[PDB]
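One structure is given here, and the rest of the page talks about it.
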Amino acid sequence: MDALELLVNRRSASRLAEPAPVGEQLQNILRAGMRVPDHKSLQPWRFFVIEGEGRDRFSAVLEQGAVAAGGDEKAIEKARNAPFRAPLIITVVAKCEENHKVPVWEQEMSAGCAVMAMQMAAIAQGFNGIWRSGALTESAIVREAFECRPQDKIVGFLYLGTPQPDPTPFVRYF
Amino acid sequence: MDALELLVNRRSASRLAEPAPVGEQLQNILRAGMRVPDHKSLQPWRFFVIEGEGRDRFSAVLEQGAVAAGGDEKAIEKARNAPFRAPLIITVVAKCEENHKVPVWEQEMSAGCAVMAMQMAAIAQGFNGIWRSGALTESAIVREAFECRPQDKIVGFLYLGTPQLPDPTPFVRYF
Ligand SMILES: Cc1cc2nc3c(=O)[nH]c(=O)nc-3n(C[C@H](O)[C@H](O)[C@H](O)COP(=O)(O)O)c2cc1C
Ligand SMILES: Cc1cc2nc3c(=O)[nH]c(=O)nc-3n(C[C@H](O)[C@H](O)[C@H](O)COP(=O)(O)O)c2cc1C
C-alpha cells in the first residue's frame, strides 16, 4: 500500500486468525523493527518470535506470572489463554545500556518504536495486529523468561496475523 | 511511495534546508503523529510547530537553558544556533495522565512513536528529518516554555526539511 495512506490511516486489529506472517513476510517485519531511530546506534532491542509450541510455552509463562501476581480464577485462565488470540506474537525487550551517554528512556523509546514499525510492516503486507502490554510486562517470572536484566524492559507484546483526521487540538505554534 | 519499502529502508537526514513542508504537507505529518498506538485513547501528546520567528524564540529558550545548565561559551552558542539546522522543528511533549490505569511509560511511548511517525510522513512526501534530544529536554527553562507539567516530558525535537545529501539475525530469538 501507499506509505502516506498507511501513516495517516493506520488502525490496529485485535481479532486475528491464520495465516500469520511467515517466511519473508516475517523477515520484513523484523527488518522494519531494526530500522527504527536509535541514538548512537546502540540497537537496544531483542525481538522474541512466539509461534507454535512457543505459544504454549509463552502461555505457561503468563499463567505462572498471573498466579504469582495473585490473580483469581478469571485472571489465571485469561492469562493462560492470552497468547491464543493470535497465530503470532512478537515480544520486544528494550535491551538497555546503563549509565550511558544515551539515557535509558531514549533506548526504551527506540524499542517501543520498533513495535509500531513491526505492526505497520504487518499491515503493509496485508496482515495486522495489536500492541498489548498489561500488568504482566512487569512480572518477575515473565521478565526472566525473556532474559530481562535489571536495566531491561518489556515494552510490548505485539499480536500479529490476519484480521477478521484533524490534529488541531494537539498542535501549538511556538 | 511503497509502505513496506519505506519501513524497511527508513533513514534520517541531518542536513536539512528549505523548503520545509507547509500547508497540507505539514498537516499530513501532524496527522501521522496523531494516528499512533495509544492505550485507552488518551491522546497523550502535544505537537509544537517551530518555524519562522518561532525558530528564533526556540533559539533563545535553548540558549537560556544552556546558560542555566552551566554550559561554556561553545555550548551556549551551540544551543543558540541549534534551531537553525532546519527550516522546521516539531517538539513533541508527552502529555501524561498520572495515576491512570495506563502507566505513564505507555503514554510516553505513544508520544515517542509520534515523533517517528511524523518523520516517516516527512519522508513519504519528499522531505526528511532527524529525531534529536540532548540534555536540554530536561532543562527547567525549556520544559516550561513547552508548558510541561511535572508529569509531562519532552520526548523529541524533530528537525524537518528538504534533505541535501538489513540483517535481523543478532536480535531475533525464538521463544
Ligand atoms: C529518543 C531518541 C533520541 C535521539 N536523540 C538524538 C540526538 O540527540 N542526536 C542525534 O544525533 N541522534 C539522536 N537520535 C538518533 C537519530 O534520530 C537517528 O536515529 C540516528 O542519527 C541514526 O540515523 P538513522 O535514523 O538514519 O538510522 C535519537 C533517537 C531516539 C530514538
Ligand atoms: C505502549 C502501549 C501499550 C499498549 N497496551 C495495550 C494493551 O495492553 N491492551 C490494549 O487493548 N491496547 C493497548 N495499547 C493500545 C493498542 O495498541 C491500540 O493502539 C488501541 O487498541 C487502539 O487501536 P488503534 O491503533 O487502531 O487506534 C497499547 C498502546 C501502547 C502505545
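Labels for the C-alpha cells follow display order: chains A, B, ..., residues from 1 in each chain, ligands from 1.
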Could you report the residues within 7 Å of ligand 1, using only C-alpha atoms and all ligand atoms, as a JSON list (two decimals) with C-alpha atoms, in the first residue's frame?
```
[["chain", "number", "residue", "atom", "x", "y", "z"],
["A", 35, "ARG", "CA", 15.37, 0.18, 11.29],
["A", 36, "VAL", "CA", 13.86, 2.49, 13.95],
["A", 37, "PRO", "CA", 15.66, 5.65, 15.16],
["A", 38, "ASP", "CA", 18.44, 4.73, 17.57],
["A", 39, "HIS", "CA", 20.53, 7.33, 19.41],
["A", 40, "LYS", "CA", 24.23, 6.40, 18.96],
["A", 41, "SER", "CA", 23.30, 3.15, 17.16],
["A", 106, "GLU", "CA", 15.76, 7.10, 24.78],
["A", 107, "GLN", "CA", 16.76, 3.46, 24.32],
["A", 109, "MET", "CA", 11.73, 4.80, 23.03],
["A", 110, "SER", "CA", 13.68, 3.05, 20.26],
["B", 10, "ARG", "CA", 13.90, 4.21, 6.62],
["B", 11, "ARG", "CA", 16.79, 6.63, 7.16],
["B", 12, "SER", "CA", 17.11, 10.00, 8.86],
["B", 13, "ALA", "CA", 18.67, 13.12, 7.37],
["B", 112, "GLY", "CA", 7.76, 8.81, 21.05],
["B", 130, "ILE", "CA", 16.19, 13.75, 12.40],
["B", 131, "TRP", "CA", 14.86, 12.97, 15.87],
["B", 132, "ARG", "CA", 17.05, 14.87, 18.36],
["B", 133, "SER", "CA", 17.09, 15.25, 22.13],
["B", 134, "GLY", "CA", 20.17, 16.12, 24.16],
["B", 155, "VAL", "CA", 10.42, 13.23, 24.10],
["B", 156, "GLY", "CA", 11.91, 14.81, 20.98]]
```
Using only C-alpha atoms and a cut-off of 7 Å, which residues of chain A sit close to chain B? Please list them as an NGL selection string.
:A and (1-4 or 6-10 or 28 or 30-32 or 34-35 or 45-50 or 54 or 109 or 112-113 or 117 or 121 or 124 or 165-167 or 170-174)
As a check of understanding: the span from atom 5 (N, counted along the ligand's line) of ligand 2 to atom CA of residue 134 of chain A is 6.1 Å
Report the residues of chain B whose backbone DSSP state falls under alpha helix (DSSP H), written as an MDAnalysis selection string.
chainID B and resid 3:9 24:33 53:68 73:81 104:124 140:145
